[PDB]
Amino acid sequence: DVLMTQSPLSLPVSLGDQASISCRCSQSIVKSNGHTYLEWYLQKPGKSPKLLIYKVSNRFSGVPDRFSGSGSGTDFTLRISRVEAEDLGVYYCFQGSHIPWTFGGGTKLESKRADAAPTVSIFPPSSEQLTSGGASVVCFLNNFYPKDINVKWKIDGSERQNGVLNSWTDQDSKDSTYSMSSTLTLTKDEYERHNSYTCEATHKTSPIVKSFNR
Amino acid sequence: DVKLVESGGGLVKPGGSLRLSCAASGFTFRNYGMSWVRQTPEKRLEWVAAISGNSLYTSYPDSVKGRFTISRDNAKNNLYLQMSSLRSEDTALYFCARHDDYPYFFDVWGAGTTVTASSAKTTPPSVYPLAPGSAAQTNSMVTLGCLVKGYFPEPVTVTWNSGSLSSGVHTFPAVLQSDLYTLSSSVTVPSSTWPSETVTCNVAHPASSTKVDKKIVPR
């Protein structure tokens, strides 16, 4: 099977600047009439993939001039000469030359901005939740940049790892920031045995700390 | 105008069977080859089946050979995918996509239909309010949330004040817990707005025919 390896995996760029995405095949994708059926697709998170480039280097209907495709042999390149907000999303290469037709793994085109520290908010378990016998402590780390941030939980002054689940938003279309939710789930009994609950955001040193006492 | 509409998706116990439909309009369906392409939860795209306009040619990758059967009924402008002996690996968003037989691979894709292979049972969410209390103390903006826990399958929709509160909202991707999903949503309003005007999250889970409203009250 033709393996399509896409680099980089993520590509921050300042709007108005150039972006380059590469796709390499594990074997030839030339067909017998001498043509190569390498396509590029753009997907946004609320969208289906849309065809942008076909046969290595051709813009599809309505694709503007800033998109260009090149390549030879086994290495292929999608270039965007002046990246616009509407261009951000996940790009995939694809070869339709040999069954099974295969896709590259995707490249997330993201926009740059100024660094921003997170706004951190901590919330205790609700009365409702304690009635089911569970206790989740929730920490939001909102509107930061860049996307890399670490959350650390402490219970009565000491690190807690177990029971933590994290989730991140896609990059915010309007302000180019990221947000993260971190949830520490305990039993009601384990929660009732301790007093101080703290969420700490680093990198970013030193941390942004939010706490409450049960 | 040229349009593909998938239907038929759902949730199946592993080993189970399921049939997807793709309804074509705005073009002579008979002249076009068609494929199904799925997108995994991790967002990889995987071509899964092809059929020629005349049905004389079909093909599949090895991962689905014997279990999926692609077919079409040109007279009803429909493409189908019969899925059998479903595996956990088949969980994905399934798109139908056009490719002319008479160049432009997949110039038109449908919106997708979701298939979930699992013995997890349809379970309604618990919805818990996220309010401050003591802590600090106070500022110009206040952040509130709702913790939507223990539901299956995806998705859940979350709004605030029935959709009139739309700015300053973050609703986070759900994560798997113990065979169940959890998500949270945050909303940030002016401190002069809450607790004096109401803030309420509205959570819907179509799969369990449930809607839950939770007013955020101060502790």
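Residues numbered from 1 in each chain as written, not as in the entry; some residues may be left out. Chains lettered and ligands numbered in written order. Heavy atoms only, no water.

**Things to note about the domain arrangement of chain A**
All names here are of chain A. The domain boundaries assigned to chain A delineate domain 1 (1-113) and domain 2 (115-212). Averaged C-alpha coordinates put domain 1 and domain 2 at centres separated by 37 Å. The partner domain 2 presents nine residues to the seven residues of domain 1 that form the contact. Buried area between domain 1 and domain 2, both sides added, is near 600 Å², and the carbon and sulfur share of it is 39%. Taken together, the links from domain 1 to domain 2 amount to zero salt bridges. At the junction of domain 1 with domain 2, the criterion picks out three residue pairs in polar contact. By residue class, the composition of the side of domain 1 that touches domain 2 is three nonpolar, one polar and three charged. (Domains from an automatic or database assignment. Contact = heavy atoms within 4.5 Å. Buried area = accessible area lost by both parts, 1.4 Å probe. Salt bridge = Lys/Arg side-chain N within 4 Å of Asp/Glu carboxyl O. Polar contact = N/O pair within 3.5 Å; in protein donor to acceptor, adjacent residues only side chain to side chain. Nonpolar A, V, L, I, M, F, W, Y, C, P; charged D, E, K, R; others polar.)

**Re the nonpolar core**
Core analysis: the largest hydrophobic core is formed by 44 residues, its most contacted members being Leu38(A), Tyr41(A), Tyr91(A), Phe103(A), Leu109(A), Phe106(B) and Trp109(B). For this core, the secondary structure elements donating two or more residues are β2 (10-13), β3 (19-25), β4 (38-43), β5 (50-54), β8 (75-80) and β9 (89-95) of chain A together with β5 (45-51) and β9 (92-100) of chain B. Leave out the neighbours within four places in its chain, and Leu109(A) touches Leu11(A), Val13(A), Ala19(A), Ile80(A), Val83(A), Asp87(A), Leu88(A), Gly89(A) and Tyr91(A). Counting residues in each nonpolar core, the second largest holds 28 residues, with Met34(B), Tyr60(B), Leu79(B) and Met83(B) among its members. (Core = buried A, V, L, I, M, F, W, Y, C linked by side-chain atoms within 4.5 Å. Buried < 20%, exposed > 50% of the residue type's maximum accessible area, 1.4 Å probe, protein only. Helix = DSSP H or I, 4+ residues; strand = E, 2+ residues; numbered from the N terminus.)

**Looking at the side chain of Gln43(A)**
Along the chain, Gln43(A) falls in strand β4. Judged by relative accessible area, which is 7%, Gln43(A) ranks as buried. At a separation of 2.9 Å, a polar atom in the side chain of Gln43(A) contacts the side chain of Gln39(B). The contacts of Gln43(A), once residues within four sequence positions are left out, are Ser48(A), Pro49(A), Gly89(A), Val90(A), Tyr92(A), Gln39(B) and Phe95(B).

**Some points on the packing of aromatic side chains**
Scanning the model with the defined rule gives 24 aromatic pairs over all chains in all. Aromatic ring contacts, followed pair by pair, group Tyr41(A), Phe94(A), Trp101(A), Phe103(A), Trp47(B), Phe95(B), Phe105(B), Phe106(B) and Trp109(B) into a single cluster. One cation-aromatic arrangement involves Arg72(B) over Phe29(B); the distance from NZ or CZ to the ring centre is 4.5 Å. The ring of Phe27(B) has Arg98(B) lying over it, and the distance from NZ or CZ to the ring centre is 4.9 Å. (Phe/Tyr/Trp six-rings, centres within 6.5 Å; stacked < 30°, edge-to-face > 60°. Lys NZ or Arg CZ within 6 Å of the ring centre and 35° of its normal.)

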